[PDB]
Structure formats: C-alpha cells, structure tokens
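A closer look at the structure
For reference, the chains in residue letters:
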Number of protein chains: 2
Amino acid sequence: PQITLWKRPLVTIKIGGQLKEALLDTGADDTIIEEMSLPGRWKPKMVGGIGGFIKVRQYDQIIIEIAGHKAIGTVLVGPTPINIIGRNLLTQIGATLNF
Amino acid sequence: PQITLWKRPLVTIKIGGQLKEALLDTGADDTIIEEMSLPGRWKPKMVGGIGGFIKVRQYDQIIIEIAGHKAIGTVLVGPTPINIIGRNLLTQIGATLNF
Ligand SMILES: CC(C)CN(C[C@@H](O)[C@@H](Cc1ccccc1)NC(=O)O[C@H]1CO[C@H]2OCC[C@H]21)S(=O)(=O)c1ccc(N)cc1
Ligand SMILES: CC(C)CN(C[C@@H](O)[C@H](Cc1ccccc1)NC(=O)O[C@H]1CO[C@H]2OCC[C@H]21)S(=O)(=O)c1ccc(N)cc1
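Residues numbered from 1 in each chain as written, not as in the entry; some residues may be left out. Chains lettered and ligands numbered in written order. Heavy atoms only, no water.

What to know about the overall build of chain A
- Within chain A, the secondary structure is distributed over one helix and nine strands.
- Starting at the N terminus and ending at the C terminus, chain A contains elements arranged as β-β-β-β-β-β-β-β-α-β.
- For chain A, the C-alpha radius of gyration of 13 Å lies close to 13 Å, the compact-globule estimate for 99 residues.
- Along the first, second and third principal axes, the C-alpha set of chain A runs to 40 × 35 × 20 Å. (Helix = DSSP H or I, 4+ residues; strand = E, 2+ residues; numbered from the N terminus. Rg over C-alpha atoms; globule rule 2.2 N^0.38 Å.)

Some remarks on the UniProt feature "domain: Peptidase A2" (unreviewed entry) in chain A
- Using the residue numbers shown here, the UniProt feature "domain: Peptidase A2" (unreviewed entry) corresponds to residues 20-89 of chain A.
- When the span residues 20-89 of chain A is considered, its composition is 4% helix and 57% strand, and the gap between its end C-alpha atoms is 16 Å. (UniProt positions renumbered as here; feature names shortened; annotations may be inferred.)

Here's the deal with the environment of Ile33 of chain B
All names here are of chain B.
- As for its position among the elements, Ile33 is in strand β4 (residues 31-33).
- Measuring from C-alpha to C-alpha, the distance between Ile33 and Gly94 comes to 21 Å, with 61 residues separating the pair along the chain.
- In this structure, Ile33 is in contact with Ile13, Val75, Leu76, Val77, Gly78, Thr80, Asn83 and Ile84, ignoring residues within four places of it in sequence. (Contact = heavy atoms within 4.5 Å.)

Here we look at the site of ligand 2
- With respect to spatial proximity, 23 residues lie near ligand 2, and among them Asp25, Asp29 and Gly48 of chain A together with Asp25 and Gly49 of chain B are the closest.
- In this structure, ligand 2 sits where chains A and B come together, each supplying nearby residues.
- Residue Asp29 of chain A places a main-chain N or O atom 2.9 Å away from an oxygen atom belonging to ligand 2.
- At a separation of 2.3 Å, an oxygen atom of ligand 2 approaches a polar side-chain atom of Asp25 of chain B.
- Of the residues that constitute the shell around ligand 2, the class distribution is 11 nonpolar, six polar and six charged. (Near = heavy atom within 4 Å. Polar contact = N/O pair within 3.5 Å; in protein donor to acceptor, adjacent residues only side chain to side chain. Nonpolar A, V, L, I, M, F, W, Y, C, P; charged D, E, K, R; others polar.)

Side note on the nonpolar core
- Membership of the largest hydrophobic core comes to 46 residues, with the highest contact counts inside it found for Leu24, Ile66 and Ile85 of chain A together with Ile13, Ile66 and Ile85 of chain B.
- Every residue in contact with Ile13 of chain B, bar those within four places of it in the chain, is listed here: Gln18, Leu19, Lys20, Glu21, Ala22, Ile33, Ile64, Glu65, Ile66 and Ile85 of chain B. (Core = buried A, V, L, I, M, F, W, Y, C linked by side-chain atoms within 4.5 Å. Buried < 20%, exposed > 50% of the residue type's maximum accessible area, 1.4 Å probe, protein only.)

Side note on the site of ligand 1
All names here are of chain B.
- Taken together, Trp42, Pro44, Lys45, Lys55, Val56, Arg57, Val77 and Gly78 make up the full set of residues near ligand 1.
- Here a nitrogen atom of ligand 1 sits 3.4 Å away from a polar atom, N or O, in the main chain of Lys45.
- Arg57 has a polar side-chain atom sitting 2.9 Å from an oxygen atom of ligand 1.
- When ligand 1 sits alone it has 740 Å² of accessible area, and the protein chains cover 38% of it.
- Elements that contribute at least two residues to the shell around ligand 1 include exactly β5 (42-49) and β6 (52-66). (Areas by Shrake-Rupley, 256 points an atom, 1.4 Å probe, with all protein chains shown as cover.)

Points about the pattern of salt bridges
- All chains considered together, the criterion is met by five salt bridges over all chains.
- Salt-bridge contacts for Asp29 of chain B lead to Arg87 of chain B; the nearest nitrogen and oxygen are separated by 2.8 Å. Taken together, the positions of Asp29 of chain B in the loop between β3 (18-24) and β4 and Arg87 of chain B in helix α1 (residues 87-90) put the pair 58 residues apart, joining distant regions of the chain.
- Residue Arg87 of chain B is classed as buried on the basis of its relative accessible area of 10%.
- Salt bridges sharing partners connect three or more residues here, namely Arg8 of chain A together with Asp29 and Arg87 of chain B. (Salt bridge = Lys/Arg side-chain N within 4 Å of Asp/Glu carboxyl O.)

What follows is the structure, given as structure tokens:
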C-alpha cells in the first residue's frame, strides 16, 4: 500500500496465534510490543526513548506477519505505550518513506 | 525521494533561518525540536514516549523547510535527544509509507 499520515499508521500484526496491531514507526530502531503470549526465555536489554531508558525482554528469531508480509527478527517486550514496528522489521517488508 | 530504512531517516531542515537535521518519524504525532528561539507566544504542554514524559513549549504556525519542502504547523520545543518531524508536518509535504 501507499499510506498517508493523517492518522497513526497502524497495521495488523500476527505472532503465533495472536492477532494484534502496531504502529509503523520510522523513528524506532527497534520493534517493541507490550505482551507476547508464551514467548519462552528472553535476554534483558535497555532501550532509550524521549523520557529516559527502560528495561525490555529481548526475543530473537520471532516470526511475525506485518500487514500480510512475513518478517523474522528480534521483538522486544517492554513498557511501550503503544506496540511499535521499528526499522529492524520495516526493512524486511520493504517499507520506504516517500515524498 | 524514496528513503529506505537501513539507517535512521534523517533529513536537512530549516527553521528560524537555521539549517538543522531531523528524524522523519511516522511514530510521532507531533514535531519536537531541541531548545531554540522561535517567534510568537508559546503554551506549556507535556509529551509522552518511551521512558516517560517531558515538558515542552508549543509554538503554533511555525514555518519549517523539510528537505526542501515548506511546511507550516505546530512545533514543540523541549529536551528531546533528537529533532523529530512528526505526522503533523509530514502530512503537509505529502510523505507516505510504501510497501
Ligand atoms: C522548552 C523548555 C524551555 C521548557 N521550560 C522548562 C524548564 O523546566 C527548563 C527548560 C530548560 C532549561 C535549560 C536549558 C534549556 C531548557 N528550565 C528553564 O527554562 O530555565 C530555568 C530553570 O532553572 C534555571 O535555568 C535557567 C533559568 C531557570 S518552561 O517554558 O518553563 C515549561 C514548563 C512546564 C511545561 N509543561 C512546559 C514548559
Ligand atoms: C514511542 C512512539 C509511540 C512515540 N515516539 C516517537 C518514536 O519514533 C521515537 C523517536 C525517538 C528516537 C530517538 C530517541 C528518542 C525518541 N523512537 C523511540 O522511542 O524508539 C525507541 C525504540 O527503538 C529505539 O530506537 C530509538 C530509541 C528507541 S516519541 O519520541 O516518545 C514522541 C511522542 C510524541 C510526539 N509528539 C513526538 C515524539
């Protein structure tokens, strides 16, 4: 698709059997969601934002569908105020910013 | 242009007559710039992101050139670690996400 930005660019995502949605965020290096069901063991990691730094749970090799495109990569679980798809996965679905 | 997302999508901006650079951020509702002087009366606001809230000054109807394209709109000024162009100005230059 070609998505305009008059509202937040939210898309469906699917991980395992869970359908969620998330914000396509070109300002995010990393993908972060609030919860992922039965994800297994994780590794601690720190991530920084506008307000300071947060501890997250890092899961690698996650298979995720984004807007009907398959991606595989690192998904962080942490106290983000909204699920975000960051550039580590946006590149895999071939998203670009255009103007 | 078409911007791929293998690195942060930073572009040149011009604001207050000064050349700066800023992140094109589809995940940001509003534009936030580091400390600088702007014209007009401002209003106090708070903005929330990862890791918490920050206090900003809101200035309205500010001209900003974004990679050669003129935009006019709301600009928040405050202790962000990076200049961010949010959707409020991305929409004025017709920026879209494509995949
Ligand atoms: C964009 C910033 C300037 C915002 N200011 C916030 C303020 O806490 C900081 C913002 C600040 C601080 C330093 C450098 C840049 C910005 N301090 C400041 O302006 O200086 C005063 C604080 O102690 C002293 O330092 C010099 C005189 C005093 S503010 O206009 O007073 C304001 C306060 C509350 C909200 N919600 C929104 C804005
Ligand atoms: C978290 C999003 C819902 C909102 N944020 C925009 C987002 O693009 C920020 C924009 C950003 C970018 C750099 C530093 C601070 C904020 N990126 C971010 O927090 O990414 C974090 C996860 O990946 C990491 O890569 C960047 C830091 C990590 S935000 O900066 O807090 C913000 C919130 C409201 C407005 N008006 C403007 C910006």
